[PDB]
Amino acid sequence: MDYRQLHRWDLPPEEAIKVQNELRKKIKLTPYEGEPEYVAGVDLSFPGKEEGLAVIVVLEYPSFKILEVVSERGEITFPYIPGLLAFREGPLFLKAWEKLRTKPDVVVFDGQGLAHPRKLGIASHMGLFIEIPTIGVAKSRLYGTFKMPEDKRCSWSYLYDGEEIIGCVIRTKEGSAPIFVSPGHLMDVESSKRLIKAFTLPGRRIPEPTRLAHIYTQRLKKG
(Lines of atoms letter the chains of each structure in order from A and count residues from 1; the text may use other names and numbers.)
(Lines give C-alpha, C1' and ligand atoms only; values in the text may rest on other atoms or scores of the structure.)
Protein backbone atom coordinates (compact mmCIF):
# COMPACT_ATOMS: atom_id res chain seq x y z
CA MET A 1 0.00 0.00 0.00
CA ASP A 2 1.82 3.10 -1.32
CA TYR A 3 2.39 6.54 0.22
CA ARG A 4 4.62 9.63 -0.01
CA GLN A 5 7.96 9.94 1.77
CA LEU A 6 7.77 13.64 2.59
CA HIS A 7 11.27 13.75 4.17
CA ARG A 8 13.92 11.63 5.94
CA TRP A 9 13.44 10.25 9.47
CA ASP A 10 16.91 10.23 11.03
CA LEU A 11 17.10 13.88 12.12
CA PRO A 12 18.36 15.42 15.37
CA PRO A 13 15.27 16.41 17.40
CA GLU A 14 15.83 20.04 16.48
CA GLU A 15 15.43 19.48 12.73
CA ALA A 16 12.57 17.03 13.29
CA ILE A 17 10.72 19.92 14.96
CA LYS A 18 11.39 22.30 12.08
CA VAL A 19 10.02 19.53 9.88
CA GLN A 20 6.85 19.43 11.99
CA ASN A 21 6.19 23.16 11.92
CA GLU A 22 6.53 23.06 8.16
CA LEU A 23 4.19 20.11 7.74
CA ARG A 24 1.43 21.49 10.01
CA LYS A 25 0.81 23.91 7.15
CA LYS A 26 -0.59 21.19 4.88
CA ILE A 27 -3.28 19.86 7.21
CA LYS A 28 -6.83 19.67 5.88
CA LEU A 29 -9.42 19.69 8.69
CA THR A 30 -12.31 18.86 6.39
CA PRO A 31 -15.42 16.99 7.46
CA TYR A 32 -16.07 13.30 7.00
CA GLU A 33 -19.77 12.71 6.40
CA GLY A 34 -21.38 9.33 5.90
CA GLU A 35 -20.42 6.00 7.41
CA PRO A 36 -17.13 4.25 6.54
CA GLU A 37 -16.70 0.78 5.02
CA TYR A 38 -13.13 -0.11 5.99
CA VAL A 39 -11.53 1.05 9.24
CA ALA A 40 -8.00 0.30 10.49
CA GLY A 41 -6.03 0.61 13.73
CA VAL A 42 -2.31 0.85 14.50
CA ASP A 43 -0.08 0.06 17.48
CA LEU A 44 3.47 -0.93 18.47
CA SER A 45 4.97 -3.14 21.17
CA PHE A 46 8.67 -3.35 22.06
CA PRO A 47 10.23 -6.84 22.29
CA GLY A 48 13.63 -5.30 22.84
CA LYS A 49 15.24 -2.10 24.08
CA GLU A 50 15.72 -1.04 20.48
CA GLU A 51 13.36 -3.40 18.67
CA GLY A 52 9.73 -2.65 17.92
CA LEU A 53 6.95 -4.74 16.37
CA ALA A 54 4.34 -2.72 14.38
CA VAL A 55 0.80 -4.01 13.55
CA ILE A 56 -2.11 -2.85 11.37
CA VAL A 57 -5.65 -4.19 11.71
CA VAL A 58 -8.26 -3.48 9.02
CA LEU A 59 -11.89 -3.96 10.08
CA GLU A 60 -15.25 -4.20 8.33
CA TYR A 61 -17.76 -1.62 9.58
CA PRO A 62 -20.22 -1.93 11.24
CA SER A 63 -19.82 -5.69 11.73
CA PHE A 64 -16.39 -5.10 13.29
CA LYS A 65 -15.08 -8.08 11.34
CA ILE A 66 -11.32 -8.51 10.92
CA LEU A 67 -10.56 -8.45 7.19
CA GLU A 68 -6.70 -8.26 7.22
CA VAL A 69 -3.64 -8.04 9.48
CA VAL A 70 -0.02 -7.21 8.60
CA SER A 71 3.06 -6.52 10.70
CA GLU A 72 6.78 -5.67 10.64
CA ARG A 73 9.43 -6.17 13.32
CA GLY A 74 12.55 -3.99 13.24
CA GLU A 75 15.16 -1.74 14.85
CA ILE A 76 14.34 1.46 16.76
CA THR A 77 16.99 4.14 17.24
CA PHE A 78 15.14 7.46 17.80
CA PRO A 79 14.34 7.68 21.56
CA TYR A 80 10.93 8.53 22.99
CA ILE A 81 10.44 12.28 23.43
CA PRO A 82 7.04 13.79 24.23
CA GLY A 83 5.86 15.60 21.11
CA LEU A 84 8.18 13.69 18.74
CA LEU A 85 6.59 10.23 18.64
CA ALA A 86 6.18 10.09 14.85
CA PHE A 87 9.97 9.84 14.52
CA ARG A 88 9.87 6.71 16.65
CA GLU A 89 6.81 4.60 15.85
CA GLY A 90 6.29 6.26 12.48
CA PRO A 91 8.90 4.57 10.25
CA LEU A 92 8.14 1.02 11.36
CA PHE A 93 4.46 1.62 10.73
CA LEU A 94 5.13 2.64 7.15
CA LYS A 95 7.09 -0.62 6.69
CA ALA A 96 3.98 -2.53 7.78
CA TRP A 97 1.78 -0.24 5.66
CA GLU A 98 3.61 -1.42 2.55
CA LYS A 99 2.41 -4.96 3.27
CA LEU A 100 -1.24 -3.89 3.47
CA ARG A 101 -3.61 -4.71 0.61
CA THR A 102 -7.03 -3.32 1.63
CA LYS A 103 -7.58 0.44 1.32
CA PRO A 104 -8.67 1.93 4.64
CA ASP A 105 -11.29 4.71 4.59
CA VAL A 106 -9.90 6.01 7.87
CA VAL A 107 -6.94 4.83 9.99
CA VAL A 108 -6.84 5.23 13.77
CA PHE A 109 -3.65 5.70 15.83
CA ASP A 110 -2.59 5.15 19.45
CA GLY A 111 -1.62 8.79 20.10
CA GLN A 112 -2.56 12.45 19.64
CA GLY A 113 -3.64 14.14 16.44
CA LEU A 114 -4.40 17.86 16.46
CA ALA A 115 -3.84 18.04 20.25
CA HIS A 116 -0.09 18.55 19.95
CA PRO A 117 2.20 21.48 20.84
CA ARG A 118 2.67 22.22 17.12
CA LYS A 119 -0.64 20.82 15.87
CA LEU A 120 1.03 17.74 14.33
CA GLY A 121 0.83 14.59 16.44
CA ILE A 122 1.65 11.20 14.93
CA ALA A 123 -1.93 10.94 13.59
CA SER A 124 -1.58 14.26 11.74
CA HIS A 125 1.93 13.39 10.50
CA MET A 126 0.95 9.96 9.07
CA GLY A 127 -2.22 11.16 7.42
CA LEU A 128 -0.10 13.56 5.37
CA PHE A 129 2.09 10.64 4.14
CA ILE A 130 -0.59 8.04 3.29
CA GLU A 131 -3.14 10.71 2.27
CA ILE A 132 -6.22 9.06 3.81
CA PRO A 133 -8.42 10.54 6.58
CA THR A 134 -6.91 9.85 10.05
CA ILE A 135 -7.75 10.11 13.77
CA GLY A 136 -5.68 10.05 16.96
CA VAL A 137 -6.90 8.19 20.07
CA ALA A 138 -4.66 8.60 23.14
CA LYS A 139 -4.97 7.31 26.74
CA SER A 140 -3.49 10.35 28.50
CA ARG A 141 -3.06 14.10 27.97
CA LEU A 142 -0.19 15.74 26.13
CA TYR A 143 -1.48 19.17 25.14
CA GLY A 144 -4.57 21.28 25.71
CA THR A 145 -6.86 22.04 28.66
CA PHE A 146 -10.28 20.67 29.60
CA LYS A 147 -12.97 19.89 32.22
CA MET A 148 -12.89 16.29 33.46
CA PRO A 149 -16.26 14.86 32.34
CA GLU A 150 -18.65 13.12 34.70
CA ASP A 151 -17.94 9.50 35.50
CA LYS A 152 -21.05 8.61 33.56
CA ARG A 153 -20.79 6.04 30.74
CA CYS A 154 -21.01 8.55 27.86
CA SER A 155 -20.03 11.99 29.23
CA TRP A 156 -17.61 14.32 27.49
CA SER A 157 -15.87 17.72 27.23
CA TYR A 158 -13.88 19.67 24.62
CA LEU A 159 -10.07 19.83 24.49
CA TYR A 160 -8.97 23.46 24.20
CA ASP A 161 -5.93 25.39 23.08
CA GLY A 162 -7.27 28.63 24.49
CA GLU A 163 -10.52 29.46 22.71
CA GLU A 164 -9.63 27.12 19.84
CA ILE A 165 -11.16 23.63 19.91
CA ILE A 166 -8.58 20.93 19.10
CA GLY A 167 -10.28 17.69 20.24
CA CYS A 168 -12.33 16.29 23.14
CA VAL A 169 -12.17 14.00 26.22
CA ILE A 170 -14.65 11.10 26.32
CA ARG A 171 -15.45 8.69 29.14
CA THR A 172 -16.18 5.50 27.21
CA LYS A 173 -16.25 3.47 30.41
CA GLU A 174 -17.35 4.02 33.99
CA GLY A 175 -14.81 3.82 36.78
CA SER A 176 -12.07 4.08 34.13
CA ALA A 177 -10.22 7.16 32.81
CA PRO A 178 -11.31 9.12 29.65
CA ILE A 179 -9.64 8.87 26.23
CA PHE A 180 -8.29 11.82 24.20
CA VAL A 181 -9.65 12.29 20.68
CA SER A 182 -8.40 14.73 18.01
CA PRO A 183 -8.37 14.89 14.15
CA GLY A 184 -5.44 13.83 12.03
CA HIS A 185 -5.67 14.89 8.40
CA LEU A 186 -8.75 15.20 6.20
CA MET A 187 -10.83 15.17 9.38
CA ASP A 188 -12.32 17.48 11.99
CA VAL A 189 -13.49 17.48 15.62
CA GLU A 190 -17.23 16.94 15.29
CA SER A 191 -16.54 14.06 12.88
CA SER A 192 -13.88 12.24 14.88
CA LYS A 193 -15.97 12.23 18.06
CA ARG A 194 -18.89 10.88 16.03
CA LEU A 195 -16.86 8.10 14.45
CA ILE A 196 -14.87 7.23 17.58
CA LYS A 197 -18.04 7.03 19.66
CA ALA A 198 -19.09 4.61 16.93
CA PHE A 199 -16.04 2.34 17.10
CA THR A 200 -16.23 1.73 20.87
CA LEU A 201 -18.30 -1.30 21.89
CA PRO A 202 -20.13 -1.15 25.28
CA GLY A 203 -18.10 -2.32 28.26
CA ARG A 204 -14.64 -1.38 26.93
CA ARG A 205 -12.51 1.75 27.37
CA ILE A 206 -10.67 1.67 24.02
CA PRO A 207 -12.16 1.52 20.46
CA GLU A 208 -11.78 -1.66 18.40
CA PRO A 209 -9.32 -0.44 15.77
CA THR A 210 -6.68 0.28 18.42
CA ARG A 211 -7.86 -2.22 21.02
CA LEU A 212 -7.26 -5.11 18.62
CA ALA A 213 -4.12 -3.63 17.05
CA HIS A 214 -2.67 -3.62 20.54
CA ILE A 215 -3.74 -7.16 21.48
CA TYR A 216 -1.98 -8.51 18.38
CA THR A 217 0.89 -6.12 19.12
CA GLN A 218 1.53 -7.78 22.49
CA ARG A 219 0.57 -11.32 21.52
CA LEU A 220 2.92 -11.43 18.49
CA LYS A 221 5.73 -10.61 20.94
CA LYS A 222 5.14 -14.16 22.15
CA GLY A 223 2.67 -16.57 20.57
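Residues carry their position along the shown sequence, with the first being 1.
The mean Cα B-factor in the deposited entry runs higher for 60 to 68 than for the other of 60 to 68 and 156 to 164.
As the entry records it, the average C-alpha temperature factor is higher for 28 to 36, out of 28 to 36 and 179 to 187. The PDB entry assigns the greatest CA B-factor among 139, 103, 116, 99 to 103. The entry lists a Cα temperature factor for residue 110 that places it in the lowest third of the chain's modelled residues. Among the modelled residues of the chain, residue 125 sits in the lowest third by CA temperature factor in this PDB entry.
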